[PDB]
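These notes concern the structure reproduced below.
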Amino acid sequence: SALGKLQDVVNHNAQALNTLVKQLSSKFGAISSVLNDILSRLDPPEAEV
Amino acid sequence: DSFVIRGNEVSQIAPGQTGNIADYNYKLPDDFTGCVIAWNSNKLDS
């Protein structure tokens, strides 16, 4: 582990992007994570909220 | 906009709600803002 620092820089960046992209799947309280279904199975007034 | 409708349609004229004459002749907006008033005009036409 002589090159710990540089390796760490790389890993931090990779992990940050990974979590950012993975967080698209979360629903955050919405009834579904993909917007297409959201706009499909619901009227526009409720699809807004 | 002034017209006459029957009593069972008063609940159909609402923002975001579907109906027929407000769908086949003129239609209300989803972002409507204003008010609606209803008179029982039974003795007018029956």
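Naming works like this for the structure tokens: A, B, ... for the chains as they're shown, residue 1 at the start of each chain, ligands 1 onward in shown order.
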
**Request:** Please return, as a PyMOL selection string, all residues of chain B lying within 10 Å of chain A when only C-alpha atoms are considered.
**Result:** chain B and resi 15-17+30-31

**Request:** Compile the contact shell of residue 7 (chain B) as a list in words: residues with an atom at most 10 Å away, counting only C-alpha atoms, same-chain residues fewer than 3 positions apart removed.
**Result:** residues 4, 10, 11, 12, 38, 39, 40, 41 and 42 of chain B

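Distances to residue 34 (chain B) were evaluated for B:5, B:22, B:14, B:46 using only C-alpha atoms, and the minimum falls at B:14.
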
**Asked** Can you list, as number ranges by chain, every protein, DNA or RNA residue that comes within 10 Å of residue 48 (chain A) when you count only C-alpha atoms, leaving out same-chain residues fewer than 5 positions away?
**Response** A: 38-39, 42-43

**Prompt:** Distance CA of residue 15 (chain A)-CA of residue 30 (chain A), one decimal place?
**Reply:**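 Spanning CA of residue 15 (chain A) to CA of residue 30 (chain A) is a straight-line distance of 25.7 Å.
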